[PDB]
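Asks: This structure is in structure tokens; I'll ask about it shortly.
Computed from the coordinates by the stated procedures, all read-outs in this text should not be read as laboratory data. Don't worry about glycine lacking a Cβ; one is built from the backbone with ideal geometry, like all the others, and counts go over all protein chains shown.
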Number of protein chains: 2
Amino acid sequence: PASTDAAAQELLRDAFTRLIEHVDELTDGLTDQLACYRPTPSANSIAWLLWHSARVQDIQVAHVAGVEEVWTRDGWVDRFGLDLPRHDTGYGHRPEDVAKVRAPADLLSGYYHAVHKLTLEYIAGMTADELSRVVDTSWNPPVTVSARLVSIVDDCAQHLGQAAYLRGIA
Amino acid sequence: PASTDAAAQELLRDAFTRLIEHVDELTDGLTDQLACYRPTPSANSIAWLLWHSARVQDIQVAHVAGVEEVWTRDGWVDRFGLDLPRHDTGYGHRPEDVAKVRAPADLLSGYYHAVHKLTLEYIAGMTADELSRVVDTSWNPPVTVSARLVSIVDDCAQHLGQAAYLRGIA
Ligand SMILES: [Cl-]
Ligand SMILES: [Cl-]
């Protein structure tokens, strides 16, 4: 570690903080009826997008950080009590599975806030060496930590943006 | 500038490159009918989201970089020929203005690619000092270059994510 790591630490902290800010916006005043709206029968809903975004960030950050997902570490999976396998992230969900993801806004927000805390703790000490470390050799180009973190922000930003679009028409 | 600037340069290059990759995906096989779909009468369309995202990135990057927007520099505004004021970005658009933003997919992609080139040229030499420079004193907290760049990526990622959602239901 070196003092010049602070710039990339700040870029990462700011990017991840925008995601949690969107979660606060999306969940404020979010009712169950709005959270479950689907504009067409196969389309993703707000609740699914909020939950999937949090799950994806949890599993992917926990992998690069080498820690347990908060979903199981703190029993969030049991507080949600969804009719789904315990490890599900939504990556494998069919259109019908979307309707199973139903939870109060406070639980969607609380789980994402716990994932955000986990993420802040990992990125806070990020070094140049860690950013260039490869975490996935199965893809070409092999995935560095830097690329994986950018992938997480982008995927979650897209899903949270979709949820905001739906919140305006639901 | 210093060699330790490379880490933040790479984070920025990768984040902005994901946006242009989404543009390539969204515009491939995009017809005029799909580009203009609105799921409800007031909702934003794919063409508007692609154009607005490019305009926002152009004006905001050009401001921090101290250069001219590519929209006017290379006459993109005239190639589009939209029935709108020449400086419009979409920030001021009413629901009815959305229907005026209609352009072939190749022009939407070409303009975003020119904005992406402008962005790559700016972020390529990013230094720690530049990242902490304030570009907007009117907000509290005052906006640093680092925060502004994160804001641009996030806003554009959200709009491009919304366009991808619409492409799947249009
Ligand atoms: Cl799954
Ligand atoms: Cl405008």
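Asks: As an exercise: evaluate A:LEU34 against (1) in a helix (DSSP H, G or I); (2) within 14 Å of chain B (Cβ to nearest Cβ) and give the number of the one condition it does not meet.
Replies: (2)
Asks: Out of all the residues in the range B:10-37, which are surrounded by fewer than 17 Cβ atoms within 10 Å (Cβ to Cβ) and over 16 Å from B:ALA157 (Cβ atoms)?
Replies: Within the range B:10-37, B:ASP28, B:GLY29, B:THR31, B:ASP32, B:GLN33, B:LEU34, B:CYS36, B:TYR37 qualify.
Asks: Restrict the check to the range A:114-128 and report whether at least one residue is at the interface with chain B (Cβ under 10 Å from one of its Cβ atoms), more than 18 Å from the chain's Cα centre (by Cα) and farther than 13 Å from A:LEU12 by Cβ.
Replies: no
Asks: Continuing with the same structure: Select from the range A:1-28 the residues that are aliphatic (A, V, I, L, M) and touching an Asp or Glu at 6+ places or on another chain (Cβ under 9 Å) and write down the one among them that is farthest from the other protein chains (Cβ to nearest Cβ).
Replies: So, considering only residues that are aliphatic (A, V, I, L, M) and touching an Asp or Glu at 6+ places or on another chain (Cβ under 9 Å), the one farthest from the other protein chains (Cβ to nearest Cβ) is A:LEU19.
Asks: Then there's this: Taking the range B:137-158 on its own, how many of its residues are touching a helix residue (DSSP H, G or I) at 6+ places or on another chain (Cβ under 7 Å) and either closer than 22 Å to B:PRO1 by Cα or among the charged types (D, E, K, R) (or both)?
Replies: Result for the range B:137-158: 9.
Asks: Hey, among B:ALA170, B:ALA99, which residue is over 28 Å from A:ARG13 (Cβ atoms) and more than 14 Å from chain A (Cβ to nearest Cβ)?
Replies: Result of the check over B:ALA170, B:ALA99: B:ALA99.
Asks: Kindly indicate whether any position in the range B:91-114 is within 16 Å of ligand 2 (Cβ to nearest atom), surrounded by 17 or more Cβ atoms within 10 Å (Cβ to Cβ) and closer than 18 Å to B:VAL61 by Cα.
Replies: yes
Asks: Here's something else I'd like to know. Taking into account only those residues within the range B:43-75 that are under 29 Å from A:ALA170 (Cβ atoms) and hydroxyl-bearing (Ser, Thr, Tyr), which is surrounded by the most Cβ atoms within 10 Å (Cβ to Cβ)?
Replies: Once the filter is applied, the top-ranked residue is B:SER53.
Asks: Being of a type in the set (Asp, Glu) and farther than 28 Å from B:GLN162 by Cα narrows it down to one residue among A:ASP28, A:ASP32, A:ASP74; which is it?
Replies: So the residue among A:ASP28, A:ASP32, A:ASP74 that is of a type in the set (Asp, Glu) and farther than 28 Å from B:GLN162 by Cα is A:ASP74.
Asks: With respect to the numbered conditions (1) within 14 Å of another protein chain (Cβ to nearest Cβ); (2) away from ligand 2 (no atom under 13 Å from the Cβ); (3) of a type outside the set (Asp, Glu), which one is the sole condition not fulfilled by B:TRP48?
Replies: Only one criterion in (1) within 14 Å of another protein chain (Cβ to nearest Cβ); (2) away from ligand 2 (no atom under 13 Å from the Cβ); (3) of a type outside the set (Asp, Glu) is unmet by B:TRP48, namely (2).
Asks: Scan the range B:130-152 for residues that are facing chain A (nearest Cβ under 7 Å) and closer than 24 Å to A:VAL23 by Cβ and report the count.
Replies: Residues in the range B:130-152 being facing chain A (nearest Cβ under 7 Å) and closer than 24 Å to A:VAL23 by Cβ: 3 in total.
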